[PDB]
């Protein structure tokens, strides 16, 4: 618990803003009509076939009400589909339509490209130092 440097909050926020700006710009130029949260959601559904709406919201630290609307949005765009769960058949399983999987694979490709561009100016040690300091802030909360 030491005094807080005044430049930190503004500096952190400028990085967050620069990242979403650059990502959005590359997403829009490939005309995917997706935002980072959408890409995030498709990625989680693909990596866990049969993912549950409840588990989706939990993994993302978001109220179910929010997650349901986003899913509703993606379903309305034919990127996501829901099907009654066979097991306890009281839940609903999430799956990517063929279009959703395709758009997810392309969005991810541009994501890793933007990531490389954003952190390239940083040496391997500078990056690891950045990860470590960020990690220490969180671990002490």
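Numbering follows the first chain given and starts at 1.
- Item | 60 to 68 versus 34 to 42 - which carries the larger mean C-alpha B factor in the record | 60 to 68 has the higher mean C-alpha B-factor.
- Query: Mean C-alpha B factor from the entry: is it higher for 94 to 102 or for 79 to 87?
  - Reply: The recorded data point to 79 to 87.
- Query: Of the options 120, 19, 11, 130, which has the highest CA B factor as deposited?
  - Reply: That would be 120, according to the entry.
- Message: In terms of recorded Cα temperature factor, pick the maximum from 114, 29, 51, 107.
- Response: So the option with the highest C-alpha B-factor is 51.
- Within this chain's modelled residues, let me know which third the CA B factor of residue 138 belongs to: lowest, middle or highest. Within its chain, residue 138 is a middle-third residue by C-alpha B-factor, going by the deposited values.
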